[PDB]
């Protein structure tokens, strides 16, 4: 039967799409297998590629800070991953065939963890999860900051889209919006 360990093993030696040729390390994701909160980003950047870990760059450090200061959590209490797990060449967006190739890893991760809340960071991860939900996706600007109920298997999963933290690095107002979004996420997390 499946496990997060198996997914990690498959991912780190995975050659199922053309992104494999460009990487130093695949990025399978990390954190608590019974996390109530699961963060899903787009694809790895250059620091993530170098470390084999998600959200470790400047954007990741901001994420970490918000998780600590606003949610009140350490990273090892949540689960963090990406819809695509290898860094696209020249940091382009992933292509449909790449999202198609890689996303079953994410489906499998969701299947195992069954989080209370999935926080989708940015337009790509949000659009992917919306497609699995069967929810119409317009733009990240239009859907961010709202909770969506995803009936999945026996559970309701709350999906909460927001901006990617990299977008908040040099934009004070957008960072204030992300912070407010994380406040709503904490409220969702602590409410029965």
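Residue numbers count along the first chain shown, from 1.
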| query | finding |
| --- | --- |
| Higher-B stretch (mean Cα B-factor, as the entry records it), 155-163 or 129-137 | 129-137 |
| Of 104-112 and 84-92, the one with larger mean CA B-factor | 84-92 |
| Residue 41 - which third its CA temperature factor falls in, relative to the rest of the chain | lowest |
| CA B-factor ranking of residue 34, expressed as a third of its chain | middle |
| Third of chain Cα B-factors occupied by residue 28 | lowest |
| Residue 57, C-alpha B-factor rank within chain (lowest, middle or highest third) | highest |
| For residue 143, the third of its chain into which the C-alpha B factor falls | highest |
